[PDB]
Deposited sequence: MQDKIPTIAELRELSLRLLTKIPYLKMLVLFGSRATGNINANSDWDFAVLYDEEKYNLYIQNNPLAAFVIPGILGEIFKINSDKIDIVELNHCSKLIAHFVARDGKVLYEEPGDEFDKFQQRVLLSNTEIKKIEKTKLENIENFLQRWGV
């Protein structure tokens, strides 16, 4: 399905996912070089009421998208933007394409994007953990 096609079917997602505030397609399918990566942002208030008559509603999310988008539910990855790492949020904002919102994606972009100075600071931190591993293991 095309990005435009995915957006048209997404209007019907409010019925099956009522607490949904925004859905973003990121990853390889968004980057222009064709699994499917999907990021969701929830209404924290509405989600807590629903999580009471359905304790595992997060585990049903991939099936709901697969049935509507007609994509293999086994190859669908879901990132919950309400509680994910800054690094994952950054890449969702930078390359992702918005599929449903209720000026909400731009607010999300401005709130989680990272500068190159912040990214190079993170990547330097990770290289330190990798080098300590290599040192501790004598390889």
- line: The record leaves without C-alpha coordinates the deposited-sequence stretches 1-5, 40-43, 112-113
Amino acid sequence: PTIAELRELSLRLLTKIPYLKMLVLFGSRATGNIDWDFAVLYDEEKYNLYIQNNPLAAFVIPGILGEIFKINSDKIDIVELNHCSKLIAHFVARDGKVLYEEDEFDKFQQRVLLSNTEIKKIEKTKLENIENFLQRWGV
From here on, numbers count along this sequence of modelled residues.
- line: When mean C-alpha B-factors in the record are compared for 42-50 and 85-93, the larger belongs to 42-50
query: Per the entry, where is the mean C-alpha temperature factor higher: 64-72 or 104-112?
result: 64-72
field: Residue selected from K126, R12, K120, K21 by maximal Cα B factor
entry: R12
